[PDB]
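Everything below concerns the one structure shown next.
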Ligand SMILES: Nc1ncnc2c1ncn2[C@@H]1O[C@H](CSCC[C@H](N)C(=O)O)[C@@H](O)[C@H]1O
Ligand SMILES: Nc1ncnc2c1ncn2[C@@H]1O[C@H](CSCC[C@H](N)C(=O)O)[C@@H](O)[C@H]1O
């Protein structure tokens, strides 16, 4: 079995996705609309950047890696909500539509296809590490790592592997389950470009062209 | 001169960027807001997808290639407006803010930095080919090309080169100045992922890590 159970698992860690009530209407928290409200636990609405997750998901789900069936995505929010993304999910290109979809997800706990019974988005049980397959390395990503890795040299020939990419406005990926941390550039990148780069490198090594 | 005048020039061709008047307010045309208005020349407001240009510009301007000084970007709109992007321009991550910026650009014909006299966006004279440097190959991109090219094999060692990427909702890059057309994948990609892939390939060949 030279294919084995190979696939890339990306966790978007610290994603800024959460709902707030304004008047009678529920909206996705957003630092352009909601700087003047107050949050539980002293959290800062000025850091609410759901656009980072939107743009990262667009790159991940568009990727040839995804449409070849070699990608799985999870989202782990700053409120400790774990979301599984069905590989069939088309993320809306429109930011406002994306936000409405996330409000529905966080309220109902899943979103089903309108043309079938299949859940395309689902809130699942923490920790995300319980959902990884056996024989799987776990790698976190950070600009702060002083040596830069070539991503193609990190791709296993026949194993599944997890990469954790931060989806916060500011911070550093720091989770219990990673076995190492890598930098992939001497420049600080967007999460979305990081995702495009990871998928591109895996596509090359696994022969998705 | 082993560096020469090398750099990557990307033209976003057929970008959906134009202003409409609704009431007393000018807005960027958008197929979610404006399907019920009428346009000059029988054009279809349902095809107005400025998000494609927004997301492509985010990938281009974030790229290590751009911050190493090896990228130039032009935008050529469906209304035949040619826009030069200063390499220093930070494209807003917020779609609504991006749209307001484009309205200002299309009205005033430039946008200056707020902290200096430098124009960061400017409407310039067609044709875009008059603005390319000497010794420059011109390549268009399309999924319809039956043979797929490895992008790294297209990167010249020491010359400038132009890549034309469609920024329309639907269509095919078809311009007078390209010398060849290439596919870079067996999958139809987003413009934005195409841009991430081009910049990534050029970064590798030109040693931007
Ligand atoms: N040079 C680098 N090496 C490895 N990972 C990087 C990187 N630059 C960025 N990243 C990844 O991308 C994230 C960027 S920081 C968080 C996202 C960012 N605020 C945004 O607007 O997109 C990091 O958490 C890290 O996971
Ligand atoms: N396999 C492929 N090979 C080469 N270029 C491709 C490609 N897939 C997409 N492109 C480029 O990306 C554009 C996608 S079509 C226009 C953009 C698209 N509607 C979007 O939503 O982003 C094409 O015009 C072409 O320039």
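Chains as they are written, first to last, in our numbering: chain A, -19 to 189; chain B, -19 to 189.
Note that the Cβ used here is the ideal one computed from N, Cα and C, for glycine as well.
With DSSP as the reference, label residue i as helix, strand or coil.
i             : result
residue 27/B  : helix
residue 120/B : strand
residue 73/A  : coil
residue 137/B : coil
residue 162/B : strand
residue 201/A : The first residue shown for chain A is -19 and the last is 189, placing residue 201/A beyond what the model contains.
residue 131/B : helix
residue 173/B : helix
residue 183/A : helix
residue 80/B  : helix
residue 154/B : coil
Of all the CB atoms in chain A, is at least one closer than 8 Å to the CB of residue i?
i             : result
residue 35/B  : yes
residue 82/B  : no
residue 124/B : no
residue 121/B : no
residue 134/B : no
residue 128/B : yes
residue 31/B  : yes
residue 12/B  : yes
residue 38/B  : yes
8 Å is my cut-off, CB to CB: does residue i come that close to chain B?
i             : result
residue 189/A : yes
residue 161/A : no
residue 155/A : no
residue 167/A : yes
residue 75/A  : yes
residue 24/A  : no
Please indicate yes or no: does the CB of residue i lie closer than 7 Å to some heavy atom of ligand 4?
i             : result
residue 148/A : By its list of ligands, the structure shown excludes ligand 4, since it contains just ligand 1 and ligand 2.
Would you list the one or two residues that DSSP bridges to residue i?
i             : result
residue 146/A : -7/A
task = Taking a Cβ distance cut-off of 9 Å, strictly less, list which residues of the region 58 to 72 of chain A are near chain B, in chain order.
result = none
ask   = Residues in the region -19 to -1 of chain B with C-beta within 9 Å of chain A's C-beta atoms, listed in sequence order?
value = none
inquiry  = Which residues of the region 101 to 119 of chain B have a Cβ closer than 7 Å to any Cβ of chain A? Give them in chain order.
reply    = none
ask   = If you scan the region -9 to 70 of chain A from start to end, which runs of the alpha helix (DSSP H) of 4 or more residues do you find wholly inside it?
value = 30 to 42, 44 to 47
task = Could you list the residues in the region 169 to 180 of chain A with a C-beta less than 8 Å from some C-beta on chain B, going in chain order?
result = 169, 170, 172, 173, 176, 177, 180
Contacting positions in the region 40 to 51 of chain A - beta carbon closer than 9 Å to chain B = 42, 43, 44, 47, 48
ask   = Can you give, in chain order, each stretch of the beta strand (DSSP E) that sits fully within the region 83 to 107 of chain B and has at least 3 residues?
value = 90 to 92, 99 to 104
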